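Here the Cβ is made from the backbone with ideal geometry for all residues, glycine too, and neighbour counts use every protein chain on show. Taken together, the values in this text are just the output of simple stated rules run on the coordinates, not laboratory data.
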Amino acid sequence: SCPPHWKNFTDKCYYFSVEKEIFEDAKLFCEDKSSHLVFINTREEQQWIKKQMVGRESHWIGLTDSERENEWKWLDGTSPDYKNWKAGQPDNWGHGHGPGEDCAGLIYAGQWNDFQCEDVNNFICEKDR
Ligand SMILES: [Cl-]
Ligand SMILES: [Cl-]
Ligand SMILES: [Cl-]
Ligand SMILES: [Zn+2]
Ligand SMILES: [Zn+2]
Ligand SMILES: [Zn+2]
Ligand SMILES: [Zn+2]
Ligand SMILES: [Zn+2]
């Protein structure tokens, strides 16, 4: 069972944030709740996460390429098999995204877009019981 205001799916508790913050601040919020920005590893999970999104706000996910440019990974090191990238992401139609935009976020509709960190957004925290 999950703490209040957290949602359950499978064996994981999810938190859809109310406040918006910088990627690194979002990162630190989940960390101190003993969780981390959400990892999406299956279509079924991705379809569930979307159903939960009532507000149309964009949410940060635990995906970044900051360690090594263009080598997108979940905060646990892993590379995403399953992928739900928007139209020309994350390579930006082959021109390579610009500096700073090394932090991904989910948008209403479900697909992932790579925004620039330091940009403020809502975020999703996740932790496996
Ligand atoms: Cl409540
Ligand atoms: Cl309440
Ligand atoms: Cl996962
Ligand atoms: Zn309540
Ligand atoms: Zn997950
Ligand atoms: Zn939302
Ligand atoms: Zn990058
Ligand atoms: Zn598990």
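Right, residue 4: away from ligand 8 (no atom under 16 Å from the Cβ), part of a loop (DSSP other than H, G, I, E, B) and surrounded by 11 or more Cβ atoms within 10 Å (Cβ to Cβ) or not?
Values: away from ligand 8 (no atom under 16 Å from the Cβ): yes; part of a loop (DSSP other than H, G, I, E, B): yes; surrounded by 11 or more Cβ atoms within 10 Å (Cβ to Cβ): no.
For residue 4, the condition - away from ligand 8 (no atom under 16 Å from the Cβ), part of a loop (DSSP other than H, G, I, E, B) and surrounded by 11 or more Cβ atoms within 10 Å (Cβ to Cβ) - is not met.
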Report task. Enumerate the pairs (first residue in the stretch 73-92 and surrounded by 12 or more Cβ atoms within 10 Å (Cβ to Cβ); second residue anywhere and small (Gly, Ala, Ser) and not in a loop (DSSP other than H, G, I, E, B)) with beta-carbon separation below 6 Å, excluding pairs fewer than 6 apart on the same chain, so at least 6 apart or on different chains. Result -> 74/62; 75/62
Query raised in the report: Considering the stretch 7-36 alone, what residues qualify as being in contact with a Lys or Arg (Cβ under 6 Å, 6 or more places away or on another chain) and either within 14 Å of ligand 6 (Cβ to nearest atom) or outside any loop (DSSP other than H, G, I, E, B) (or both)?
Result: 13, 14
Query raised in the report: Across the stretch 46-70, what is the number of residues that are within 16 Å of ligand 6 (Cβ to nearest atom) and out of contact with any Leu (no Cβ under 9 Å at 6 or more places or on another chain)?
Result: 8
Query raised in the report: Looking at the stretch 56-68, is at least one residue out of contact with any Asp or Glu (no Cβ under 8 Å at 6 or more places or on another chain), closer than 22 Å to residue 5 by Cβ and without any contact (Cβ under 8 Å) to a residue 60 or more places away in the chain?
Result: yes
Report task. Scan the stretch 1-24 and report the pairs whose first residue is in contact (Cβ under 8 Å) with a residue 24 or more places away in the chain and whose second residue is away from ligand 3 (no atom under 16 Å from the Cβ) and among the aromatic types (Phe, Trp, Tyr), with Cβ atoms within less than 8 Å and a gap of 6+ or a chain change. Result -> 17/29; 21/29
